[PDB]
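Just one chain is shown here, as structure tokens, and it is the form deposited in one PDB entry.
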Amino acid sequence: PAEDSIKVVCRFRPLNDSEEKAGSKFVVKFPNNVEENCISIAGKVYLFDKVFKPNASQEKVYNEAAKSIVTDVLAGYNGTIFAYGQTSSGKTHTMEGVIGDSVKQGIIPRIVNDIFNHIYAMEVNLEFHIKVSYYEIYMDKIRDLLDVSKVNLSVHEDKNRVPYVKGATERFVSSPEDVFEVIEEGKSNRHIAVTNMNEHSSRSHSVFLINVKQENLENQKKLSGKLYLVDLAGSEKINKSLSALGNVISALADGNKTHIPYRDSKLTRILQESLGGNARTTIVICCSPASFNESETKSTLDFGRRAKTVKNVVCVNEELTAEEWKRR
């Protein structure tokens, strides 16, 4: 009813030059006539909410993995998309892609443009308040990417109740241009004290948060929805927060333990609602098709298959003004 499976979508990228050079074969198949929902490796078939082949465009991935999320956030649901997989499998290409390229822009910039296109096309007399945060998690410590003096931030939980990173910048935005400025500022700050971004980004989690509140000016109905967009550290062997993420999924998936270890990492505390709580969650598992990476691919697929059995329980986040509470 309000009961919502975590969606899991699987994306294979093309075999690349280091793979071919090392003599890798393409070891994965895609059964046809089954809605593009299947992938087979070494004889074993997995079923996901969507499987994307190496040729799938960014627009196709967006239209299937992500689009519904902007419509949901604009209706007052929390939304979360994260990308998971071994380093070099395609997580950043999926989550960010090449910003500003019409073909190769990833999920985040498309989501940003779509939020504002939808708002501009609404007739209803609505007022939107949008703010974004952008931070990194590395070795279980949080660095604010929009304010270099805010390092080692803490995770807290608010009134009613819901976690938050206390002290994290919250930047108001009112056009897609304002958002992309914020993203550029974040990316640039991420380079402070980092000698090799390729290696450092492969070992830390990049968290982009869009908080969208709305007030309906005709009936005073207030709705809010948080959109978490996360590019995770590589899943290869085994980042301590990723162990925690797997233990969380494993516990919710077994469903037979009183204690879900959300507190085992700041990442899983921040994603607590996304993992078995009040958000519509999509995980993009990213995979190489190369024989060389087959065992890592199989762990990725097995992670996604377990997550796909977790159930979230979601509702519209409605707040009441006075008139409801007033009249009582």
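Rigid core here is just the name for the largest C-alpha set that superposes within 1.5 Å across the two forms. Heads up: residue numbers just count along the shown sequence, starting at 1.
Although it is not shown, the form deposited in another entry is what the next lines describe.
Student: Could you check which of 101, 254, 157, 184 shows a C-alpha shift of 2 Å or more between the shown form and the other one after a rigid core superposition?
Tutor: It is 254; the other listed residues stay below 2 Å.
Student: Taking the rigid core as the reference frame, is the Cα of residue 315 displaced by 2 Å or more between the shown form and the other one?
Tutor: No, the C-alpha position differs by under 2 Å between the shown form and the other one.
Student: Against the shown form, C-alpha atoms of residue 322 and residue 215 in the other entry: closer or farther, for a change of 3 Å or more?
Tutor: Those two alpha carbons end up farther apart in the other entry.
Student: Please check whether, in the other entry, the CA atoms of residue 322 and residue 122 lie closer or farther apart than here, given a change of 3 Å or more.
Tutor: Farther is correct, given that in the other entry the C-alpha spacing of residue 322 to residue 122 is increased by at least 3 Å.
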